[PDB]
């Protein structure tokens, strides 16, 4: 059985814990708040008293801690020979992220990031179409990710860094990069009070224009809304020489209440976390490489920091290949 050290005991860790176990892994949980004790008992997992103890005998570490702590936790696991899956964004700076990528490559350990969007059906199918040549040469894409934030942002993040919009932009930036390739130019306008700490329901809108090495262009809109009406909406429309494909998460899928307003028919498809951890587990057990690699984790961090800088300085940011 694959052995996974899960660091953190918050909401993401709890979702990852359940998915690892559902994939067949054995897990040990460590968080610096002590809450890893009762978290592991709730799910039947192991509790470790330290990161070193959690890493001792581990095949992989799953870092589900605040972003600023990703850099040293990842570097510790890599030096110990433990492969890494890290929650997004990979690190708190593009420079920290590159350092993790280089260390993992020289130590020859696997390095993945949990870019969840890639593991849900509309986005995986979009990449499949584009990569198989079905759309021809990509030319133009619009992506929007919009949600009500139901918890407060308790960490400290400046407006210059993009604050809350950086969180929402990582989905769209990663999707555009996945679909159209390397981004060579970034422009963004950020609207709203975006620094954290910030409350549930804080409102902000960020509009980004990404130019890709191929010449394709992506418009990525990232939004936090005041109310869960709806809780989440994603939409996209992608055009190439071979045609166009579109998506709206509001469209009805397998289960649709047509009238009367019943609320007991919730269905959201397969959990992205089940799909994610299963694919990662398979990779760590010698299987094929997952749909996201170290260089993707690094690309996303670079894009969101260039967009934050563009919004702050009013300049477009060039990222030559």
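Numbering follows the first chain given and starts at 1.
Peer 1: Averaging the C-alpha B factors as listed in the entry, name the stretch that ends up higher: 146 to 154 or 104 to 112.
Peer 2: For C-alpha atoms only, the mean B-factor is higher in 104 to 112.
Peer 1: Mean C-alpha B factor from the entry: is it higher for 174 to 182 or for 81 to 89?
Peer 2: It is 81 to 89 that shows the higher mean C-alpha B-factor.
Peer 1: Could you check 211, 207, 168, 132 and tell me which one carries the biggest Cα B-factor in the deposited entry?
Peer 2: Reading the PDB entry, the winner on C-alpha B-factor is 132.
Peer 1: If you rank every modelled residue in this chain by C-alpha B factor, which third holds residue 193: lowest, middle or highest?
Peer 2: Middle third.
Peer 1: Based on the entry's values, in what third of the chain does the Cα temperature factor of residue 244 lie: lowest, middle or highest?
Peer 2: It falls in the middle third of the chain.
Peer 1: Quick check for you: using the entry's CA B-factors within this chain, is residue 219 in the lowest, middle or highest third?
Peer 2: Lowest third of the chain for residue 219's C-alpha B-factor.
Peer 1: Split the chain's modelled residues into thirds by Cα B-factor; is residue 12 in the lowest, middle or highest one?
Peer 2: Ranked within chain, residue 12 CA B lands in the highest tercile.
Peer 1: What third of the chain does residue 76 rank in for C-alpha temperature factor, lowest, middle or highest?
Peer 2: Within its chain, residue 76 is a highest-third residue by C-alpha B-factor, going by the deposited values.
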